[PDB]
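[1] So I pulled this structure from the PDB, and the sequence comes with it:
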Amino acid sequence: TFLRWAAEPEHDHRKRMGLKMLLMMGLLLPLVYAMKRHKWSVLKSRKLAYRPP
Amino acid sequence: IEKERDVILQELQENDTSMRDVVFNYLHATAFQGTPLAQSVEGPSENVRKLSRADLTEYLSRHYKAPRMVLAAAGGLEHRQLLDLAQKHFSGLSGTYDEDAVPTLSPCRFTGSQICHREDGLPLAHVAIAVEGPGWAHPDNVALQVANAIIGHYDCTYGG
């Protein structure tokens, strides 16, 4: 246990950032994914037709 | 009825070239989707072909009622002269109607949308953008007529 601290003293502080990340990334990913399918929504819903003379 | 049927189909072909009228008709189609206001005054060529005398007598016997109508004039006459003729002639109108013969107008659903009729063969590009308006009676119509007037209007013939 001591040596794992020696070779990786950042261990105990590593994960706390690992925790902060997944909570933020748990939020930003869907929200950004909404703005995407908000702006692209025009195109996923558009329609077309062909009215020659 | 059958003559003017052919005439009006000839008019639509002419109005197919009046690019200005097309845009507003496309415009109302999109602002006011799913409502009557999306319709044109002239309506589709189909109904023009698929119409009857009966459809009209229904339309006339329903809508043309004295309460919804107005006589009015202006110029070198007098009000009192107009009444003596209204009673003489217009006293015979159907001033009444059944319990639910006359419809009423609900508000219509504006919506935000775009219509892009691509035709590169034609040399110029008509455009029309707009939003939802107040209505007739809403008082802020006055202020907006100014705001439009600030922007004004232009053709390539104005010498300013």
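    Structure received. Numbers count the residues shown, from 1 in each chain, chains lettered A, B, ... in the order given.

[2] Spatially central residue for chain B, please.
    Closest residue to the average C-alpha location of chain B: residue B:41 at 5.5 Å, with C-alpha atoms, centre = their mean.

[3] How about the secondary structure of that residue?
    coil (DSSP: H, G, I helix; E, B strand; the rest coil).

[4] longest helix in chain A, by residue count?
    In chain A, taking DSSP state H as the definition, the longest helix is helix A:11-39.

[5] From residue B:22, how far off is the residue lying closest to residue B:32 once chain neighbours are set aside?
    The shortest distance from residue B:32 to any non-neighbouring residue, by C-beta to C-beta, 6 or more residues apart in numbering or on different chains, is to residue B:38 (4.7 Å). Every residue, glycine included, has its C-beta placed from N, CA and C. Distance of residue B:38 to residue B:22, computed by C-beta to C-beta, to the nearest Å: 14 Å.

[6] For the residue of chain A positioned farthest from its centre, give me its contacts.
    Most distant from the centre of chain A: residue A:53, at 49.0 Å, with distances by C-alpha atoms, centre = their mean. With contact set as C-beta atoms under 8 Å, 6 or more residues apart in numbering or on different chains, residue A:53 has no partners.

[7] Go ahead and flag the most central residue of chain A.
    residue A:29 (2.8 Å).

[8] Who are the contact partners of it?
    Residue A:29 neighbours (C-beta under 8 Å, 6+ apart): none.

[9] For residue A:23, see how far away it is.
    From residue A:29 to residue A:23 the distance is 11 Å (C-beta to C-beta).

[10] same check, this time on residue B:147
    48 Å.

[11] And residue B:6, by the same measure?
    From residue B:6 across to residue A:23, the span is 72 Å (C-beta to C-beta).

[12] Out of those two, name the residue with the larger neighbour count.
    Neighbour count, other C-beta atoms under 10 Å in any protein chain shown: between residue B:6 and residue A:23, residue B:6 has more, with 11 against 8.

[13] residue ranges for the helices of chain B, please.
    Counting by DSSP H, the helices of chain B are B:2-15, B:19-31, B:45-49, B:53-63, B:79-85, B:141-151.
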